[PDB]
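The sequence shown begins at 38 in PDB author numbering and counts up one residue at a time. Yeah, the Cβ is synthetic: ideal placement off N, Cα and C, and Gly gets one too.
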Amino acid sequence: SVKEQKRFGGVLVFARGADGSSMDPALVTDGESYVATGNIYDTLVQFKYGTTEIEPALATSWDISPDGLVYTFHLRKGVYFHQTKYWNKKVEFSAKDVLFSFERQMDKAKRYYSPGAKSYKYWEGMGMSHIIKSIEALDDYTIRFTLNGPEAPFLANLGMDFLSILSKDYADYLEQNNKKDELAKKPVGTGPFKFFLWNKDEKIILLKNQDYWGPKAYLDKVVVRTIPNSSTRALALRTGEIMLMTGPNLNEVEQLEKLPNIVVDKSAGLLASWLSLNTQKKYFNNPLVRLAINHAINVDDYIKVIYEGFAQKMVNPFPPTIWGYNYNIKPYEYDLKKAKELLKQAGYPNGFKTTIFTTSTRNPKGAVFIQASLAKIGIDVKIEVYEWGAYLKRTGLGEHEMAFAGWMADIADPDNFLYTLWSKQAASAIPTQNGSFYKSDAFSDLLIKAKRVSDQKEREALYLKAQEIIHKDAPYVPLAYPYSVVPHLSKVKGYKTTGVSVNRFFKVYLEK
């Protein structure tokens with residue numbers, strides 16, 4: 038089409054607050070890392086851009102047995118892995134690449150990487166080795182999974198970044214050359230962009246993959262810049278040095294949208310932000326302490342200060358844009374007298390000392406707010422600040438007492454929040470994504486039941502009850518569902534703040 042034709046061509050400069058931590062998405066868990074990897078790699082199934090709807094990707098079709106136990110994927114033929122300066126061989130994707138990508142996580146003998154700090158964090162956290170009984174290549178274009186029990190989220194799981202398809206040929210080549218760590222530095226995928234360069238804490242350059250199997254990307258190039266100061270990042274938008282950015286300072290949004298040629302996209306979001314309380318440590322292992330802390334933080338005021346109103350008060354662990362949200366639970370009320378009383382009841386009538394971890398790129402106001410709110414009940418909070426990679430590492434290891442935490446949905450399913458972040462299974466993995474180390478059998482057993490039936494109303498009933506239990510136990514302080522707020526130049530079209538995996542750039546174009 039002629040109007041379609043006019044979409045093609047150009048360079049997009051995207052800016053964000055913290056660099057990625059790997060080019061192997063199975064080794065990391067964070068959105069910043071997935072900005073690059075989500076454009077480089079495909080999965081068996083994918084999410085239609087702007088949505089939470091499953092559509093075909095490296096599998097063209099699939100069949101699922103009616104007991105939920107067997108999933109057979111028919112693989113797309115004639116898909117090739119990228120060619121770059123570091124990988125020049127042209128190799129067709131096949132079933133062995135699925136086996137490599139999954140089996141390396143499932144079987145410790147096939148881990149690939151040397152013993153060391155690298156960990157398959159999502160795989161471990163989610164208990165994927167409990168879920169999957171076997172994976173078989175029935176021929177070079179057919180993969181069959183057999184499960185130990187029905188798993189309602191499994192199909193959507195297969196669209197997640199950690200289950201990206203890497204190249205076995207490339208991995209074998211690096212192994213022969215004693216360069217296995219390069220699998221996570223110089224990546225090879227099938228997606229609509231290919232890797233060109235990664236300068237740590239500065240920029241990543243992606244180029245269009247002209248051989249992509251799907252609808253070709255519009256853009257020729259994407260520069261993913263790291264500009265840690267959010268005011269500096271907005272100034273770079275205002276000068277046109279960058280074109281699209283995440284993470285604005287929310288007190289600058291009103292100024293930006295007034296300006297020539299700037300649009301600020303806003304939608305409700307699939308995000309949650311909270312305070313982790315390390316329930317295995319002193320003080321925070323006492324529910325009454327937890328509750329006191331919950332009643333001592335005025336979340337309505339926090340939303341005004343920190344978010345300038347661009348958020349909704351958090352009640353349940355996941356946002357109301359996902360089905361199964363319990364609208365019957367009442368948030369805990371701001372009530373200083375009650376908070377102080379709770380602390381007296383717990384045996385801490387003169388409070389205590391503790392520490393909160395925060396990141397360097399968050400607004401510094403947030404930690405200061407929590408410190409000020411908790412000093413009102415005699416809790417003396419020391420603030421420790423870490424850059425993002427360090428923060429992810431130290432909180433993954435349980436170093437914190439309190440820490441800010443956040444999650445963007447990977448899939449539109451309560452399991453992706455409640456089980457991945459709050460289950461016993463998730464707490465058992467080290468490093469962990471269950472930053473509160475919340476261990477409740479009653480809560481976790483309901484989540485397990487809710488995997489084993491597929492009907493949505495049946496699962497909803499179980500998830501409603503689960504939300505009651507975690508509310509009662511208060512292993513955290515819920516803060517906000519932040520709105521997704523993305524300033525960009527008016528000429529940048531096609532980006533969507535809605536759905537999951539939002540930082541895929543294949544549909545973005547520059548208006549001409």
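- Note down, one range per segment and in chain order, each beta strand (DSSP E) of at least 3 residues found wholly within the stretch 355-409. Inside the stretch 355-409, DSSP marks whole beta strand (DSSP E) runs of 3 or more residues at positions 389-396, from first to last along the chain.
- Query: For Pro515, does the three-state DSSP call read helix, strand or coil?
  - Reply: Strand, per DSSP.
- Using the beta-carbon count (16 or more within 10 Å), is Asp176 buried or exposed? Exposed, since its Cβ has fewer than 16 Cβ neighbours within 10 Å.
- What number of angstroms, rounded off, separates the C-alpha of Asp56 from the C-alpha of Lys126? Rounded to the nearest angstrom, the gap between the Cα atoms of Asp56 and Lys126 is 29 Å.
- Item | The alpha helix (DSSP H) enclosing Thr74, as first and last residue numbers | Where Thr74 is concerned, the enclosing alpha helix (DSSP H) stretches over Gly68 to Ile77.
- Query: In the DSSP assignment, what are the bridge partners of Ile202?
  - Reply: None; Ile202 has no bridge partner.
- In three-state DSSP terms, what is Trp124? Secondary structure of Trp124 (DSSP, three-state): coil.
- Message: Relative to the C-alpha of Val128, which candidate in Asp134, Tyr117 and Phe137 has its C-alpha closest?
- Response: Minimum Cα distance to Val128 is reached at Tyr117.
- Item | Minimum C-alpha distance to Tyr456 - residue among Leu483, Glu438 and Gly443 | With distances taken between Cα atoms, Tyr456 lies closest to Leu483.
- Rounded to a whole number of angstroms, what is the C-alpha to C-alpha distance between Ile202 and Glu140? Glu140 has its alpha-carbon roughly 11 Å from the corresponding atom of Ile202.
- Message: Taking a contact to mean a Cβ-Cβ separation below 8 Å, would you say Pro451 touches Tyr500 in this structure?
- Response: Yes.
- Message: For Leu325 and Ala383, what's the separation of their Cα atoms in angstroms?
- Response: Looking at the two C-alpha atoms, the distance is approximately 6 Å.
- Message: Going by DSSP, what residue range makes up the beta strand (DSSP E) through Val82?
- Response: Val82: member of the beta strand (DSSP E) spanning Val82 to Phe84, first to last residue.
- Mapping DSSP to helix, strand and coil, what is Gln349? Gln349 carries a strand assignment under DSSP once its states are collapsed to helix, strand and coil.
- Message: Any heavy atom of the ligand ADP closer than 7 Å to the beta-carbon of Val352?
- Response: This structure lacks the ligand ADP; in fact it carries no ligand of any kind.
- Message: Quick check on this structure: which residue in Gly162, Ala503, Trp459 and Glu294 has the alpha carbon closest to the alpha carbon of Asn315?
- Response: Of the candidates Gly162, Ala503, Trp459 and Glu294, the residue whose Cα lies closest to the Cα of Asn315 is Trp459.
- Query: To the nearest angstrom, how far is it from the Cα of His437 to the Cα of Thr392?
  - Reply: Rounded to whole angstroms, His437 to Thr392 spans 7 Å at the Cα level.
- Query: Do you know whose CA, among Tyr178, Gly531 and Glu548, lies nearest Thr88's CA?
  - Reply: When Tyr178, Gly531 and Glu548 are compared, the shortest CA-CA separation from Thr88 is found for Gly531.
- Message: With a threshold of 6 Å on Cβ separation, who are the neighbours of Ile241 within its own chain once the five nearest residues in sequence on each side are excluded?
- Response: Excluding residues within five positions, the ones whose Cβ falls inside 6 Å are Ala73, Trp235 and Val261.
- Per DSSP, which one or two residues make a beta bridge with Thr457? None, per the DSSP bridge assignment.
- Count the other CB atoms within 10 Å of the CB of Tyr364; is the residue buried (16 or more) or exposed (fewer)? Exposed, because fewer than 16 other Cβ atoms sit within 10 Å of the Cβ of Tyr364.
- Flag this pair as touching only if the stretch 291-304 and the stretch 418-427 have three or more C-beta atom pairs under 8 Å; answer yes or no. With the rule of 3 Cβ pairs closer than 8 Å, the stretch 291-304 does not count as touching the stretch 418-427.
- Message: So, with DSSP's three-state summary, where would you put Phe51?
- Response: Reduced to three states, the DSSP call for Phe51 is strand.
- Item | DSSP-derived helix/strand/coil call for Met60 | Residue state, collapsed to three classes: coil.
- Task: Kindly give me the distance between the Cβ atoms of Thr183 and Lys170, rounded to whole angstroms, as I take these residues to be in contact under 8 Å.
- Result: That pair is a contact at about 5 Å.
- Assigned exposure category for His508 - 16 Cβ within 10 Å defines buried: The residue is buried, with at least 16 neighbouring Cβ atoms inside 10 Å.
- Query: Rounded to the nearest angstrom, how far is the Cβ of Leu112 from that of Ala94, given a contact under 8 Å?
  - Reply: Contact flag wrong, Cβ pair sits at about 10 Å.
- Message: Between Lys145, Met143 and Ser204, which has its C-alpha nearest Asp61's C-alpha?
- Response: Its Cα nearest to that of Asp61, the residue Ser204 stands out among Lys145, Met143 and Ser204.
- Less than 8 Å separating the beta-carbons of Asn331 and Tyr369? Contact flag set, yes.
- Item | Cβ contact check for the stretch 273-290 and the stretch 353-360: 3 or more pairs under 8 Å | Touching, no.
- Message: Could you pull the DSSP bridge partners for residue 34 from this structure?
- Response: Because residue 34 is not part of the residues shown, which for the chain are 38 to 549, the question remains open.
- Considering only residues of the stretch 204-286, which uninterrupted beta strand (DSSP E) runs meet the minimum length of 3 residues and lie entirely inside it, listed in chain order? Whole beta strand (DSSP E) segments, 3+ residues: 230-236, 240-245 and 258-263.
- With contact counted as at least three CB pairs below 8 Å, one residue from each stretch, are the stretch 466-473 and the stretch 336-350 in contact? Three or more beta-carbon pairs separated by less than 8 Å are not found between the stretch 466-473 and the stretch 336-350, which leaves the two stretches without contact.
- Message: According to DSSP, is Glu436 part of a helix, a strand, or is it coil?
- Response: The three-state secondary structure of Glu436, taken from DSSP, is coil.
- Return the chain-ordered list of same chain residues with a C-beta closer than 6 Å to the C-beta of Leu136, the five sequence neighbours on each side being excluded. So the list reads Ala174, once near-sequence residues are dropped.
- Would you say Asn246 and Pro229 are within 8 Å of each other, going by their C-beta atoms? Here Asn246 is near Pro229, since their CB atoms are less than 8 Å apart.
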